[PDB]
$ cat coords_25.json   # JSON, C-alpha atoms and all ligand atoms
[["chain", "number", "residue", "atom", "x", "y", "z"],
["T", 1, "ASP", "CA", 6.11, 2.35, 11.87],
["T", 2, "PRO", "CA", 4.84, -0.18, 14.46],
["T", 3, "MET", "CA", 6.82, -3.02, 12.88],
["T", 4, "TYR", "CA", 10.08, -1.06, 12.98],
["T", 5, "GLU", "CA", 9.47, 0.04, 16.56],
["T", 6, "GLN", "CA", 8.76, -3.50, 17.75],
["T", 7, "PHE", "CA", 11.97, -4.81, 16.16],
["T", 8, "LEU", "CA", 13.91, -1.89, 17.64],
["T", 9, "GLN", "CA", 12.54, -2.66, 21.12],
["T", 10, "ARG", "CA", 13.62, -6.29, 20.75],
["T", 11, "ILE", "CA", 17.15, -5.34, 19.62],
["T", 12, "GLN", "CA", 17.51, -2.83, 22.45],
["T", 13, "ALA", "CA", 16.61, -5.57, 24.95],
["T", 14, "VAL", "CA", 18.28, -8.73, 23.57],
["T", 15, "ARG", "CA", 21.20, -10.22, 25.55],
["T", 16, "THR", "CA", 21.76, -13.72, 24.12],
["T", 17, "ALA", "CA", 22.82, -15.13, 20.77],
["T", 18, "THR", "CA", 19.86, -17.51, 20.54],
["T", 19, "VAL", "CA", 17.29, -14.73, 21.00],
["T", 20, "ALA", "CA", 19.26, -12.52, 18.60],
["T", 21, "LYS", "CA", 19.16, -15.29, 15.97],
["T", 22, "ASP", "CA", 15.36, -15.26, 16.22],
["T", 23, "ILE", "CA", 15.22, -11.49, 15.77],
["T", 24, "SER", "CA", 17.43, -11.82, 12.68],
["T", 25, "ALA", "CA", 15.19, -14.49, 11.19],
["T", 26, "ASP", "CA", 12.10, -12.45, 12.05],
["T", 27, "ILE", "CA", 13.46, -9.37, 10.25],
["T", 28, "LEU", "CA", 14.18, -11.43, 7.15],
["T", 29, "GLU", "CA", 10.67, -12.88, 7.27],
["T", 30, "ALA", "CA", 9.14, -9.39, 7.65],
["T", 31, "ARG", "CA", 11.18, -8.11, 4.69],
["T", 32, "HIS", "CA", 9.89, -11.01, 2.61],
["T", 33, "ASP", "CA", 6.29, -10.35, 3.67],
["T", 34, "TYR", "CA", 6.69, -6.61, 2.97],
["T", 35, "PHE", "CA", 7.72, -7.40, -0.61],
["T", 36, "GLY", "CA", 4.81, -9.81, -1.03],
["T", 37, "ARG", "CA", 2.33, -7.14, 0.08],
["T", 38, "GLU", "CA", 3.83, -4.44, -2.17],
["T", 39, "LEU", "CA", 3.97, -6.84, -5.11],
["T", 40, "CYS", "CA", 0.31, -7.86, -4.81],
["T", 41, "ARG", "CA", -0.78, -4.27, -4.29],
["T", 42, "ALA", "CA", 1.06, -3.15, -7.43],
["T", 43, "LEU", "CA", -0.51, -5.92, -9.52],
["T", 44, "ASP", "CA", -3.98, -5.62, -7.88],
["T", 45, "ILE", "CA", -4.01, -9.31, -7.05],
["T", 46, "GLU", "CA", -5.16, -10.92, -3.84],
["T", 47, "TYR", "CA", -2.46, -10.92, -1.16],
["T", 48, "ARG", "CA", -1.88, -14.25, 0.59],
["T", 49, "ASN", "CA", 1.10, -15.57, 2.51],
["T", 50, "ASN", "CA", 1.28, -19.40, 2.65],
["T", 51, "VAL", "CA", -1.67, -21.36, 1.30],
["T", 52, "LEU", "CA", -1.93, -25.11, 1.78],
["T", 53, "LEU", "CA", -1.92, -26.84, -1.61],
["T", 54, "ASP", "CA", -5.09, -28.73, -0.66],
["T", 55, "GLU", "CA", -6.86, -25.40, -0.12],
["T", 56, "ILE", "CA", -5.63, -24.07, -3.49],
["T", 57, "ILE", "CA", -6.96, -27.18, -5.24],
["T", 58, "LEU", "CA", -10.34, -26.85, -3.51],
["T", 59, "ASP", "CA", -10.58, -23.19, -4.54],
["T", 60, "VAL", "CA", -9.95, -23.93, -8.22],
["T", 61, "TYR", "CA", -11.77, -27.30, -8.35],
["T", 62, "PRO", "CA", -14.47, -27.44, -5.66],
["T", 63, "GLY", "CA", -15.65, -30.88, -6.78],
["T", 64, "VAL", "CA", -12.30, -32.56, -6.09],
["T", 65, "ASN", "CA", -12.03, -35.56, -3.80],
["T", 66, "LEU", "CA", -8.65, -34.86, -2.19],
["T", 67, "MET", "CA", -8.54, -38.45, -0.95],
["T", 68, "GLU", "CA", -8.22, -39.76, -4.51],
["T", 69, "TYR", "CA", -4.87, -37.97, -4.92],
["T", 70, "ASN", "CA", -1.51, -37.83, -3.16],
["T", 71, "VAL", "CA", -1.39, -34.09, -2.41],
["T", 72, "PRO", "CA", 1.90, -32.87, -0.86],
["T", 73, "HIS", "CA", 0.98, -30.48, 1.93],
["T", 74, "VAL", "CA", 3.24, -27.65, 0.76],
["T", 75, "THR", "CA", 2.33, -24.00, 1.38],
["T", 76, "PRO", "CA", 3.39, -21.73, -1.49],
["T", 77, "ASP", "CA", 3.05, -18.04, -0.69],
["T", 78, "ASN", "CA", 0.17, -17.29, -3.01],
["T", 79, "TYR", "CA", -1.54, -18.18, -6.26],
["T", 80, "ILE", "CA", -3.55, -16.71, -9.11],
["T", 81, "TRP", "CA", -6.54, -18.62, -10.50],
["T", 82, "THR", "CA", -7.42, -17.02, -13.84],
["T", 83, "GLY", "CA", -10.24, -19.45, -14.64],
["T", 84, "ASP", "CA", -8.11, -21.43, -17.10],
["T", 85, "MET", "CA", -4.64, -21.51, -15.53],
["T", 86, "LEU", "CA", -3.25, -21.71, -12.00],
["T", 87, "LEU", "CA", -0.14, -19.65, -11.25],
["T", 88, "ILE", "CA", 1.57, -20.80, -8.04],
["T", 89, "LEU", "CA", 3.53, -17.88, -6.57],
["T", 90, "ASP", "CA", 6.38, -17.65, -4.13],
["T", 91, "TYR", "CA", 8.03, -14.39, -3.10],
["T", 92, "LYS", "CA", 11.78, -14.17, -2.47],
["T", 93, "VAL", "CA", 13.90, -11.27, -1.23],
["T", 94, "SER", "CA", 17.56, -12.05, -1.88],
["T", 95, "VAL", "CA", 20.67, -10.74, -3.58],
["T", 96, "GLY", "CA", 21.32, -14.24, -4.93],
["T", 97, "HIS", "CA", 19.54, -16.96, -6.89],
["T", 98, "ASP", "CA", 20.03, -19.97, -4.61],
["T", 99, "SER", "CA", 16.80, -19.69, -2.65],
["T", 100, "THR", "CA", 14.91, -19.33, -5.95],
["T", 101, "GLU", "CA", 16.44, -22.53, -7.36],
["T", 102, "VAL", "CA", 15.65, -24.49, -4.18],
["T", 103, "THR", "CA", 11.99, -23.47, -4.16],
["T", 104, "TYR", "CA", 11.60, -23.79, -7.93],
["T", 105, "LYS", "CA", 12.86, -27.41, -7.79],
["T", 106, "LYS", "CA", 10.71, -28.28, -4.76],
["T", 107, "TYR", "CA", 7.47, -26.89, -6.19],
["T", 108, "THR", "CA", 8.13, -28.15, -9.72],
["T", 109, "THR", "CA", 8.64, -31.71, -8.52],
["T", 110, "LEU", "CA", 6.00, -31.73, -5.77],
["T", 111, "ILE", "CA", 3.17, -29.64, -7.25],
["T", 112, "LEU", "CA", 3.15, -30.23, -11.01],
["T", 113, "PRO", "CA", 2.62, -34.04, -10.92],
["T", 114, "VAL", "CA", -0.54, -33.94, -8.80],
["T", 115, "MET", "CA", -1.93, -30.93, -10.71],
["T", 116, "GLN", "CA", -1.49, -32.89, -13.95],
["T", 117, "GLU", "CA", -3.35, -35.86, -12.42],
["T", 118, "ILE", "CA", -6.16, -33.59, -11.26],
["T", 119, "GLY", "CA", -6.25, -31.78, -14.60],
["T", 120, "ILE", "CA", -5.38, -28.20, -13.58],
["T", 121, "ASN", "CA", -3.03, -26.32, -15.91],
["T", 122, "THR", "CA", -0.33, -24.97, -13.57],
["T", 123, "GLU", "CA", 2.84, -22.85, -13.70],
["T", 124, "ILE", "CA", 5.40, -22.38, -10.92],
["T", 125, "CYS", "CA", 6.24, -18.68, -10.51],
["T", 126, "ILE", "CA", 9.02, -17.31, -8.30],
["T", 127, "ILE", "CA", 9.24, -13.52, -7.99],
["T", 128, "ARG", "CA", 12.43, -12.27, -6.35],
["T", 129, "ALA", "CA", 13.32, -8.76, -5.22],
["T", 130, "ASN", "CA", 16.95, -7.85, -4.76],
["T", 131, "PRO", "CA", 16.80, -5.89, -1.48],
["T", 132, "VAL", "CA", 19.90, -3.80, -2.27],
["T", 133, "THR", "CA", 19.09, -2.81, -5.86],
["T", 134, "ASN", "CA", 15.27, -3.18, -5.78],
["T", 135, "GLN", "CA", 15.43, -5.07, -9.09],
["T", 136, "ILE", "CA", 12.75, -7.73, -9.65],
["T", 137, "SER", "CA", 13.48, -11.09, -11.29],
["T", 138, "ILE", "CA", 10.65, -13.42, -12.41],
["T", 139, "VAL", "CA", 10.63, -17.14, -13.17],
["T", 140, "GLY", "CA", 7.35, -18.02, -14.86],
["T", 141, "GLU", "CA", 6.58, -17.27, -18.51],
["T", 142, "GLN", "CA", 2.80, -16.95, -18.08],
["T", 143, "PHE", "CA", 3.30, -14.62, -15.11],
["T", 144, "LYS", "CA", 5.49, -12.37, -17.27],
["T", 145, "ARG", "CA", 2.84, -12.27, -19.99],
["T", 146, "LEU", "CA", 0.10, -11.28, -17.54],
["T", 147, "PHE", "CA", 2.29, -8.70, -15.76],
["T", 148, "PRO", "CA", 4.81, -7.21, -18.20],
["T", 149, "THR", "CA", 5.54, -4.30, -15.82],
["T", 150, "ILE", "CA", 5.63, -4.39, -12.03],
["T", 151, "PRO", "CA", 5.27, -0.80, -10.82],
["T", 152, "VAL", "CA", 6.32, -1.36, -7.20],
["T", 153, "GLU", "CA", 8.01, 1.27, -5.03],
["T", 154, "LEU", "CA", 10.31, -0.75, -2.78],
["T", 155, "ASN", "CA", 12.32, 0.53, 0.17],
["T", 156, "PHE", "CA", 14.21, -2.10, 2.18],
["T", 157, "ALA", "CA", 16.49, 0.39, 3.96],
["T", 158, "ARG", "CA", 14.80, 0.02, 7.37],
["T", 159, "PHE", "CA", 15.15, -3.78, 7.40],
["T", 160, "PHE", "CA", 18.85, -3.32, 6.68],
["T", 161, "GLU", "CA", 19.17, -0.70, 9.43],
["T", 162, "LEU", "CA", 17.55, -3.01, 12.00],
["T", 163, "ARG", "CA", 19.55, -6.10, 11.11],
["T", 164, "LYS", "CA", 22.82, -4.14, 11.05],
["T", 165, "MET", "CA", 22.20, -2.91, 14.58],
["T", 166, "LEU", "CA", 21.61, -6.51, 15.64],
["T", 167, "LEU", "CA", 24.80, -7.73, 13.93],
["T", 168, "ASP", "CA", 26.82, -4.89, 15.46],
["T", 169, "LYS", "CA", 25.51, -5.64, 18.95],
["T", 170, "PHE", "CA", 26.78, -9.22, 18.56],
["T", 171, "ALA", "CA", 29.84, -8.56, 16.39],
["T", 172, "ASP", "CA", 32.07, -10.09, 19.09],
["T", 173, "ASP", "CA", 29.81, -13.09, 19.95],
["T", 174, "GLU", "CA", 31.18, -16.28, 18.37],
["T", 175, "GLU", "CA", 28.00, -18.19, 19.29],
["T", 176, "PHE", "CA", 25.89, -15.71, 17.29],
["T", 177, "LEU", "CA", 28.26, -15.33, 14.34],
["T", 178, "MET", "CA", 27.97, -19.11, 13.84],
["T", 179, "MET", "CA", 24.16, -19.20, 14.09],
["T", 180, "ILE", "CA", 23.99, -16.54, 11.35],
["H", 201, "CL", "CL", 17.90, -12.14, 25.50],
["H", 202, "CL", "CL", 6.24, -25.35, 1.27],
["H", 203, "CL", "CL", -6.88, -15.76, -7.29],
["H", 204, "CL", "CL", 13.29, -14.57, 1.06],
["H", 205, "MN", "MN", 6.00, -18.58, 2.32],
["H", 206, "MN", "MN", 8.39, -16.99, -0.21]]
$ encode --input "coords_25.json" --output "structure tokens"
Amino acid sequence: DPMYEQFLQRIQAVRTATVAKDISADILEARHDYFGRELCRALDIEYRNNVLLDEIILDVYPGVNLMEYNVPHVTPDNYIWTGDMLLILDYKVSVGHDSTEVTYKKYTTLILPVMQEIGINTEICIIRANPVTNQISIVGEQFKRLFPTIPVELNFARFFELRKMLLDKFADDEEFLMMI
């Protein structure tokens, strides 16, 4: 596992709280991206990880003049263009709901108004994996109808193992415990 080995090398070598904070954030990003890849593989949909909204609009509506509209330059993780409806997707990996609510509010209020002006039928979809239990939670009614089962095989144990080693190495470092 090249990803695991590279994280392990970084944890073996790190000496400072600030560099450790970056490893921690990087592990959480990699765990998120791992779920996104497994999710798209299981559903046989195109895997993407952060698409500029302008690019999404140009893919679904090539004739658009972006300059006529006030397009917020957000980068949702992914999208599905069925031909009649646009599903905006964001992956989450979390034991809680707070990050889902934050992103749902941001994309609902920033994306839906301009998509209505352009004329593209759009739904905001947030798919969250609980990394401890592997349970999947979906916000997005049309996503649920298209994908009533999600036959993923998730294993987050190695991300937990890496981050726990990092936390243990800095268990007595006040500067780090605050950054985290
Ligand atoms: Cl260091
Ligand atoms: Cl964004
Ligand atoms: Cl697509
Ligand atoms: Cl996440
Ligand atoms: Mn993202
Ligand atoms: Mn995401």
$ residues_around --input "coords_25.json" --residues "residue T:57" --least-positions-apart "6" --cutoff "9 Å" --atoms "all atoms listed in the file" --output "PDB file with C-alpha atoms, keeping the file's coordinate frame"
ATOM      1  CA  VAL T  64     -12.300 -32.560  -6.090  1.00  0.00           C
ATOM      2  CA  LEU T  66      -8.650 -34.860  -2.190  1.00  0.00           C
ATOM      3  CA  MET T 115      -1.930 -30.930 -10.710  1.00  0.00           C
ATOM      4  CA  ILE T 118      -6.160 -33.590 -11.260  1.00  0.00           C
ATOM      5  CA  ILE T 120      -5.380 -28.200 -13.580  1.00  0.00           C
TER       6      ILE T 120
END
$ residues_around --input "coords_25.json" --residues "residue T:16" --least-positions-apart "6" --cutoff "12 Å" --atoms "only C-alpha atoms" --output "CSV table (one decimal) with C-alpha atoms, in the coordinates of the input"
chain,number,residue,atom,x,y,z
T,10,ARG,CA,13.6,-6.3,20.8
T,22,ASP,CA,15.4,-15.3,16.2
T,23,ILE,CA,15.2,-11.5,15.8
T,166,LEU,CA,21.6,-6.5,15.6
T,169,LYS,CA,25.5,-5.6,19.0
T,170,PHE,CA,26.8,-9.2,18.6
T,173,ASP,CA,29.8,-13.1,20.0
T,174,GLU,CA,31.2,-16.3,18.4
T,175,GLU,CA,28.0,-18.2,19.3
T,176,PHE,CA,25.9,-15.7,17.3
T,177,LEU,CA,28.3,-15.3,14.3
T,179,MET,CA,24.2,-19.2,14.1
$ closest_atom_pairs --input "coords_25.json" --of "chain T" --to "ligand CL 202 (chain H)" --cutoff "9 Å" --atoms "all atoms listed in the file" --output "JSON lines"
{"residue": "T:50", "atom": "CA", "partner": "H:CL202", "partner_atom": "CL", "distance": 7.9}
{"residue": "T:51", "atom": "CA", "partner": "H:CL202", "partner_atom": "CL", "distance": 8.9}
{"residue": "T:52", "atom": "CA", "partner": "H:CL202", "partner_atom": "CL", "distance": 8.2}
{"residue": "T:53", "atom": "CA", "partner": "H:CL202", "partner_atom": "CL", "distance": 8.8}
{"residue": "T:72", "atom": "CA", "partner": "H:CL202", "partner_atom": "CL", "distance": 8.9}
{"residue": "T:73", "atom": "CA", "partner": "H:CL202", "partner_atom": "CL", "distance": 7.4}
{"residue": "T:74", "atom": "CA", "partner": "H:CL202", "partner_atom": "CL", "distance": 3.8}
{"residue": "T:75", "atom": "CA", "partner": "H:CL202", "partner_atom": "CL", "distance": 4.1}
{"residue": "T:76", "atom": "CA", "partner": "H:CL202", "partner_atom": "CL", "distance": 5.4}
{"residue": "T:77", "atom": "CA", "partner": "H:CL202", "partner_atom": "CL", "distance": 8.2}
{"residue": "T:103", "atom": "CA", "partner": "H:CL202", "partner_atom": "CL", "distance": 8.1}
{"residue": "T:106", "atom": "CA", "partner": "H:CL202", "partner_atom": "CL", "distance": 8.1}
{"residue": "T:107", "atom": "CA", "partner": "H:CL202", "partner_atom": "CL", "distance": 7.7}
$ write_last_selection --input "coords_25.json" --atoms "C-alpha atoms" --output "PDB file, keeping the file's coordinate frame"
ATOM      1  CA  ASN T  50       1.280 -19.400   2.650  1.00  0.00           C
ATOM      2  CA  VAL T  51      -1.670 -21.360   1.300  1.00  0.00           C
ATOM      3  CA  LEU T  52      -1.930 -25.110   1.780  1.00  0.00           C
ATOM      4  CA  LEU T  53      -1.920 -26.840  -1.610  1.00  0.00           C
ATOM      5  CA  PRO T  72       1.900 -32.870  -0.860  1.00  0.00           C
ATOM      6  CA  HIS T  73       0.980 -30.480   1.930  1.00  0.00           C
ATOM      7  CA  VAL T  74       3.240 -27.650   0.760  1.00  0.00           C
ATOM      8  CA  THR T  75       2.330 -24.000   1.380  1.00  0.00           C
ATOM      9  CA  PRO T  76       3.390 -21.730  -1.490  1.00  0.00           C
ATOM     10  CA  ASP T  77       3.050 -18.040  -0.690  1.00  0.00           C
ATOM     11  CA  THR T 103      11.990 -23.470  -4.160  1.00  0.00           C
ATOM     12  CA  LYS T 106      10.710 -28.280  -4.760  1.00  0.00           C
ATOM     13  CA  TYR T 107       7.470 -26.890  -6.190  1.00  0.00           C
TER      14      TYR T 107
END
$ residues_near_point --input "coords_25.json" --point "(12.8, -10.1, 5.3)" --cutoff "12 Å" --atoms "all atoms listed in the file" --output "MDAnalysis selection string"
chainID T and resid 3 23:36 91:95 128:131 155:160 162:163
$ atom_distance --input "coords_25.json" --atom1 "atom CA of residue T:39" --atom2 "atom CA of residue T:164"
25.0 Å
$ atom_distance --input "coords_25.json" --atom1 "atom CA of residue T:139" --atom2 "atom CA of residue T:127"
6.5 Å
$ closest_residue --input "coords_25.json" --among "T:123, T:101, T:1, T:46" --to "residue T:141" --atoms "all atoms listed in the file"
T:123
$ closest_residue --input "coords_25.json" --among "T:58, T:71, T:112, T:126" --to "ligand MN 206 (chain H)" --atoms "only C-alpha atoms and all ligand atoms"
T:126
$ atom_distance --input "coords_25.json" --atom1 "atom CA of residue T:167" --atom2 "atom CA of residue T:14"
11.7 Å
$ residues_near_ligand --input "coords_25.json" --ligand "ligand CL 203 (chain H)" --cutoff "8 Å" --atoms "only C-alpha atoms and all ligand atoms" --output "PyMOL selection string"
chain T and resi 45-46+79-82
$ axis_aligned_box --input "coords_25.json" --around "stretch 103-119 of chain T" --padding-each-side "5 Å" --output "JSON"
{"center_x": 3.3, "center_y": -29.7, "center_z": -9.4, "size_x": 29.1, "size_y": 22.4, "size_z": 20.4}
$ closest_residue --input "coords_25.json" --among "T:142, T:49, T:78, T:65" --to "residue T:122" --atoms "only C-alpha atoms"
T:142
$ closest_residue --input "coords_25.json" --among "T:85, T:59, T:117, T:104" --to "residue T:146" --atoms "all atoms listed in the file"
T:85
$ closest_residue --input "coords_25.json" --among "T:69, T:116, T:89, T:134" --to "residue T:47" --atoms "only C-alpha atoms"
T:89
$ closest_residue --input "coords_25.json" --among "T:12, T:99, T:137, T:121" --to "ligand MN 205 (chain H)" --atoms "all atoms listed in the file"
T:99
$ closest_atom_pairs --input "coords_25.json" --of "chain T" --to "ligand CL 201 (chain H)" --cutoff "8 Å" --atoms "all atoms listed in the file" --output "JSON lines"
{"residue": "T:13", "atom": "CA", "partner": "H:CL201", "partner_atom": "CL", "distance": 6.7}
{"residue": "T:14", "atom": "CA", "partner": "H:CL201", "partner_atom": "CL", "distance": 3.9}
{"residue": "T:15", "atom": "CA", "partner": "H:CL201", "partner_atom": "CL", "distance": 3.8}
{"residue": "T:16", "atom": "CA", "partner": "H:CL201", "partner_atom": "CL", "distance": 4.4}
{"residue": "T:17", "atom": "CA", "partner": "H:CL201", "partner_atom": "CL", "distance": 7.5}
{"residue": "T:18", "atom": "CA", "partner": "H:CL201", "partner_atom": "CL", "distance": 7.6}
{"residue": "T:19", "atom": "CA", "partner": "H:CL201", "partner_atom": "CL", "distance": 5.2}
{"residue": "T:20", "atom": "CA", "partner": "H:CL201", "partner_atom": "CL", "distance": 7.0}
$ decode --input "coords_25.json" --residues "stretch 72-85 of chain T" --atoms "N, CA, C and O atoms" --output "mmCIF file, in the first residue's frame"
data_model
loop_
_atom_site.group_PDB
_atom_site.id
_atom_site.type_symbol
_atom_site.label_atom_id
_atom_site.label_comp_id
_atom_site.auth_asym_id
_atom_site.auth_seq_id
_atom_site.Cartn_x
_atom_site.Cartn_y
_atom_site.Cartn_z
ATOM 1 N N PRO T 72 -20.988 31.161 -8.640
ATOM 2 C CA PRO T 72 -20.030 31.018 -7.540
ATOM 3 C C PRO T 72 -19.021 29.932 -7.883
ATOM 4 O O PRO T 72 -19.391 28.855 -8.355
ATOM 5 N N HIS T 73 -17.738 30.228 -7.672
ATOM 6 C CA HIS T 73 -16.699 29.294 -8.095
ATOM 7 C C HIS T 73 -16.449 28.229 -7.034
ATOM 8 O O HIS T 73 -15.315 28.044 -6.571
ATOM 9 N N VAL T 74 -17.514 27.525 -6.644
ATOM 10 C CA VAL T 74 -17.379 26.401 -5.719
ATOM 11 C C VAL T 74 -16.908 25.162 -6.479
ATOM 12 O O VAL T 74 -17.033 25.058 -7.701
ATOM 13 N N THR T 75 -16.380 24.185 -5.735
ATOM 14 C CA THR T 75 -15.869 22.946 -6.329
ATOM 15 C C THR T 75 -16.450 21.752 -5.581
ATOM 16 O O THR T 75 -15.755 21.116 -4.778
ATOM 17 N N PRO T 76 -17.712 21.401 -5.832
ATOM 18 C CA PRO T 76 -18.229 20.133 -5.294
ATOM 19 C C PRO T 76 -17.378 18.965 -5.777
ATOM 20 O O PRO T 76 -16.698 19.032 -6.801
ATOM 21 N N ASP T 77 -17.438 17.864 -5.023
ATOM 22 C CA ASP T 77 -16.579 16.725 -5.324
ATOM 23 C C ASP T 77 -16.833 16.179 -6.718
ATOM 24 O O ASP T 77 -15.891 15.841 -7.445
ATOM 25 N N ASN T 78 -18.094 16.071 -7.105
ATOM 26 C CA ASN T 78 -18.435 15.297 -8.286
ATOM 27 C C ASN T 78 -19.840 15.685 -8.724
ATOM 28 O O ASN T 78 -20.508 16.513 -8.097
ATOM 29 N N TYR T 79 -20.294 15.071 -9.807
ATOM 30 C CA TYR T 79 -21.650 15.317 -10.266
ATOM 31 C C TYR T 79 -22.057 14.168 -11.171
ATOM 32 O O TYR T 79 -21.210 13.427 -11.680
ATOM 33 N N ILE T 80 -23.365 14.022 -11.350
ATOM 34 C CA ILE T 80 -23.921 13.114 -12.348
ATOM 35 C C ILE T 80 -24.850 13.914 -13.242
ATOM 36 O O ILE T 80 -25.771 14.570 -12.747
ATOM 37 N N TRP T 81 -24.612 13.851 -14.549
ATOM 38 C CA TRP T 81 -25.467 14.484 -15.548
ATOM 39 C C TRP T 81 -26.199 13.371 -16.284
ATOM 40 O O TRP T 81 -25.603 12.680 -17.120
ATOM 41 N N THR T 82 -27.481 13.194 -15.962
ATOM 42 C CA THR T 82 -28.278 12.111 -16.531
ATOM 43 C C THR T 82 -28.784 12.421 -17.933
ATOM 44 O O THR T 82 -29.253 11.511 -18.625
ATOM 45 N N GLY T 83 -28.713 13.675 -18.368
ATOM 46 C CA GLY T 83 -29.380 14.130 -19.566
ATOM 47 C C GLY T 83 -30.609 14.977 -19.288
ATOM 48 O O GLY T 83 -30.962 15.823 -20.113
ATOM 49 N N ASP T 84 -31.272 14.760 -18.151
ATOM 50 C CA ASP T 84 -32.390 15.600 -17.748
ATOM 51 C C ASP T 84 -32.207 16.243 -16.384
ATOM 52 O O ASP T 84 -32.873 17.246 -16.101
ATOM 53 N N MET T 85 -31.335 15.705 -15.533
ATOM 54 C CA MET T 85 -31.159 16.227 -14.189
ATOM 55 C C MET T 85 -29.681 16.214 -13.836
ATOM 56 O O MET T 85 -28.935 15.331 -14.260
#
